[PDB]
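Report on the structure given below.
Residue numbers (the authors' numbering): 1 to 76.
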């Protein structure tokens, strides 16, 4: 059970929505707002932060990546 052990932290510019939420904040507030927006989600809840909002969406992208019924798996 391995993948990589070094670190990069930079634009992935590879793949679009999937079962890969690893790595740190990949989608910035805006990057999270964009989707959330098109999703009709609140860009900012009643006591949320970049992370909360980020994670929230970061999870939404998993559940509903692009109109595709189905329940995401329990972690990769």
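Ideal Cβ positions, reconstructed from N, Cα and C, are used throughout, including at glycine.
* **Element boundaries [alpha helix (DSSP H), containing residue 59]** => 50-63
* Put residue 37 into one of helix, strand or coil per three-state DSSP. => helix
* To do: Round the Cβ separation of residue 29 and residue 52 to the nearest angstrom and send it over; I've been treating them as touching at under 8 Å.
  => So it is not a contact: roughly 11 Å between Cβ atoms.
* Does the stretch 30-45 touch the stretch 7-16, meaning 3 or more C-beta pairs lie closer than 8 Å? -> no
* Asked: Which ranges does the alpha helix (DSSP H) cover as unbroken runs of at least 4 residues, wholly within the stretch 5-30, from first to last along the chain?
  -> none
* Quick one: grab the DSSP three-state call for residue 67. => coil
* Asked: Where residue 5 and residue 44 are concerned, what is the direct C-alpha to C-alpha distance, given to the nearest angstrom?
  -> 34 Å
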